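The structure under discussion appears below in the form of structure tokens.
The sequence lines fix the lettering, A, B, ..., with proteins before strands; numbering per chain opens at 1. Side chains are part of it too, since the values below use all heavy atoms of this structure and drop only hydrogens, waters and symmetry mates.
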Amino acid sequence: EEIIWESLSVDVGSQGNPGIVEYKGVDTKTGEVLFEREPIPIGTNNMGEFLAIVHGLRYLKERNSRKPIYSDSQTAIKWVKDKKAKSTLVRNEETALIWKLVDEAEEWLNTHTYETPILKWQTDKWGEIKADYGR
RNA sequence: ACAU
DNA sequence: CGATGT
Ligand SMILES: [Cl-]
Ligand SMILES: [Cl-]
Ligand SMILES: [Cl-]
Ligand SMILES: [Mg+2]
Ligand SMILES: [Mg+2]
Ligand SMILES: [Rb+]
Ligand SMILES: [Rb+]
Ligand SMILES: [Rb+]
Ligand SMILES: [Rb+]
Ligand SMILES: [Rb+]
């Protein structure tokens, strides 16, 4: 209903899907960029959205922050809830990097705890998430 | 259909 | 137009 401005927002950016994947996290209130992942040569939009949330979890945990995370990705929110990224992307030599990061993110979720609420950014009511790439 |  | 997902 109301934006929780005291929060972290994350988003993926890509060149192609599958294609070059990156992601970032911003302070919802100000747009300040808090983290950015170096581009990964081949991945999917949803793998990037998933990695972005998990990185946000790890970022806030390290800083003892109880802020929620906003994502616009129905898929990635569910994957994080399940601790399982159900991606269709073929596992081969050229997707090995994205799949390593996805596998490592699942592994982190399965060995750590957090109470961070992971919230759906309501794009239809609020406009584009503040972490959007503008592509 | 909804979310990207 | 195409692709990723529930
Ligand atoms: Cl990552
Ligand atoms: Cl909350
Ligand atoms: Cl959701
Ligand atoms: Mg997004
Ligand atoms: Mg976006
Ligand atoms: Rb901590
Ligand atoms: Rb967008
Ligand atoms: Rb965009
Ligand atoms: Rb969106
Ligand atoms: Rb579809």
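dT6(C) atom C1' lies 17 Å from atom NZ of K84(A), rounded to whole Å. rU4(B) atom P lies 21 Å from atom CD of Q15(A), rounded to whole Å. Summarising the geometry, the separation between CD1 on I20(A) and P on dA3(C) is reported as 18 Å, rounded to the nearest angstrom. In this structure, CG of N46(A) is placed 15 Å from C1' of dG2(C), rounded to the nearest angstrom. Rounded to an integer number of Å, the gap from CG of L119(A) to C1' of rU4(B) is 17 Å. Between the NZ atom of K120(A) and the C1' atom of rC2(B) there is a distance of 9 Å, given to the nearest Å. At whole-Å resolution of the value, CD in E49(A) and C1' in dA3(C) are 14 Å apart. Atom-to-atom, CD1 of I77(A) to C1' of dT4(C) comes out at 15 Å; the value is rounded to the nearest Å.
One finds a side-chain N or O of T88(A) lying less than 4.0 angstrom from the OP1 or OP2 phosphate oxygen of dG5(C). One finds a side-chain N or O of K86(A) lying less than 4.0 angstrom from the OP1 or OP2 phosphate oxygen of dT6(C). Of the side-chain N and O atoms in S87(A), one or more sit less than 4.0 angstrom from OP1 or OP2 of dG5(C). Between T44(A) and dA3(C), a side-chain N or O to OP1/OP2 separation shorter than 4.0 Å is absent. Listed pair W121(A) / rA3(B) fails the phosphate criterion, with no side-chain N or O lying under 4.0 Å from OP1 or OP2.
Between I3(A) and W126(A), the closest heavy-atom pair is CG1-CD2, 3.4 Å.
The side chain of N17(A) sits closest to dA3(C) out of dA3(C), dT6(C), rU4(B).
Using a 4.0 Å heavy-atom distance criterion, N45(A) is classed as a base contact.
Taking the six-membered ring where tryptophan is involved, the planes of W5(A) and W121(A) are perpendicular, since the angle between them exceeds 60° and thus also 30°.
Between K84(A) and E106(A), at least one side-chain N (NZ, or NE/NH1/NH2) sits under 4.0 Å from a carboxylate O, which counts as a salt bridge. The pair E62(A)-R58(A) does not meet the salt-bridge criterion, since no charged nitrogen lies less than 4.0 angstrom from a carboxylate oxygen.
Taking the ring centre of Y59(A) as origin, the terminal cationic atom of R63(A) falls inside the region bounded by 6.0 Å and 45° from the ring axis.
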